[PDB]
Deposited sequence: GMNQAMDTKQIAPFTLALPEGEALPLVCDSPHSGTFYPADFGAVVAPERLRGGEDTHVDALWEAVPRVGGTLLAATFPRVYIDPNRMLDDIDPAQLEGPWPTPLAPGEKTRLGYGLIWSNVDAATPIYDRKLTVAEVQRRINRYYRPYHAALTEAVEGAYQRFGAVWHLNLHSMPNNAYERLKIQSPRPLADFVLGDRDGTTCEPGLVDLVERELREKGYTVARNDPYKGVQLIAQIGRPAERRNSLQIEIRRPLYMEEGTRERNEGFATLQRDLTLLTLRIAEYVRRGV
């Protein structure tokens, strides 16, 4: 019933703070959707938190959502709501891009408009705790170390280009690294992650199709605060229909453990 898990290091801590906002699979009773949960499981970045289990084993902190992102999405801003999805007016200005509250799975989730009150309660019970935990980890790290490296962790469907409105002359990479075109993370870490993953045989794209807003807010490298969004092509570890770990899960998790150890070393040397 806890809105997040928070895996802390057993030994020496380092300022590597990692969050998996989309891996939650515990659906609230008060969802009130008209669509079968089997249809909603779509937008889950399933198992992404288990893929990165090494993080606390190497001194990092791993935060993960237990609620589904299709219920409320912690990687969106609180004003990323379309007025037309609400029954009634929102008390403050909205700036949709939408979203924070999913409205459909395909071009519908509900047979009605959500109340202001209902969305507010989602925000209080699930989003705010999750984000307070992320803040506490990021600011705690920075306060002790004078730097922080934040990884925002995801997976993506094979047709991510189709689902976004993009026609790419290139295939979708195995890993996409978003740092808002080179502005939210100091370059040496993006270079490290890219090189280590390509050496293990994975394809890596930067900022294509995912460039990273939370990431712009956390990642200000001139203040020694760094943020990188990392996206994993789902077929690499699960079966997109059943959502179930496949034969690639084990090997990918192993590769990410080894990558994480390398990042921990890079972080310790950067403090």
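Missing from the model, by position in the deposited sequence, are residues 1 to 10, 108 to 109, 111 to 114, 124 to 125, 231.
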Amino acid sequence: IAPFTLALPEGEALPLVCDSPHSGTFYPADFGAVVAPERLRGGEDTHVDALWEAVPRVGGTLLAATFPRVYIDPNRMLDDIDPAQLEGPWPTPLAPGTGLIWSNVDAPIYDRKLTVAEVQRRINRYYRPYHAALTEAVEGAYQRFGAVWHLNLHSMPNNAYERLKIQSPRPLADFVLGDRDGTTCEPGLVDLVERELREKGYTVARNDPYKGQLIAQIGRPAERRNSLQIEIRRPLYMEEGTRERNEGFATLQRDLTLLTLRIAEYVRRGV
From here on, numbers count along this sequence of modelled residues.
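Judged by mean Cα B factor in the deposited record, 34 to 42 ranks above the other of 34 to 42 and 228 to 236. Stretches 70 to 78 and 164 to 172 differ in mean C-alpha B factor, with the higher average recorded for 164 to 172. The PDB entry assigns the greatest CA B-factor among 110, 149, 127, 90 to 110.
The PDB entry assigns residue 223 a C-alpha temperature factor belonging to the middle third of its chain's modelled residues. Sort the modelled residues of the chain by CA B factor and residue 241 lands in the highest third. When the modelled residues of the chain are ordered by their C-alpha B factor, residue 135 lands in the highest third. Ranked against the other modelled residues of its chain, the C-alpha B-factor of residue 202 as given in the entry falls in the lowest third. In the PDB entry, residue 84 places in the highest third of its chain by CA B-factor.
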